[PDB]
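What follows is a single chain, given as structure tokens, in the form deposited in one PDB entry.
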């Protein structure tokens, strides 16, 4: 279980109410505990105390010595327009050399388009 996506040595804890507390030998075991609970979104593991705290809600970051905070999984890589349920674009177009406004124009002119993104040279259209 990949635990490289988050800092282990920066004292980052989360105050969110927990679902479960256990003691485990490493961060990867805490992650595994989190994955075993359907509703666990993230976890705080403490290096010194070895307590592992599984949590459901959104993180509430704060500083506590020895803490590290990891997601349910590090597999989640998306940062640009990230639909939780996935959602296939209505349209994906090469808009090299075009302003954002013309991707806006494409969305206005496409029935069902609620949202557009323009990263790099790609104009991409979505329906809710």
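Numbering follows the first chain given and starts at 1.
Sort the chain's modelled residues by C-alpha temperature factor and residue 41 lands in the lowest third, per the entry.
Annotation for residue 117: CA B-factor lies in the lowest third of the chain's modelled residues. Residue-level temperature factors show residue 35 in the lowest third of its chain, judged at the C-alpha atom. Sort the modelled residues of the chain by CA B factor and residue 24 lands in the lowest third. In the PDB entry, a CA B factor belonging to the highest third of its chain's modelled residues is recorded for residue 84.
Only in words, not in the display: the form deposited in another entry, which the text now covers.
The rigid-part assignment of residue 31 coincides with that of residue 76 in the two-part motion between the shown form and the other one, each C-alpha going to the superposition fitting it better.
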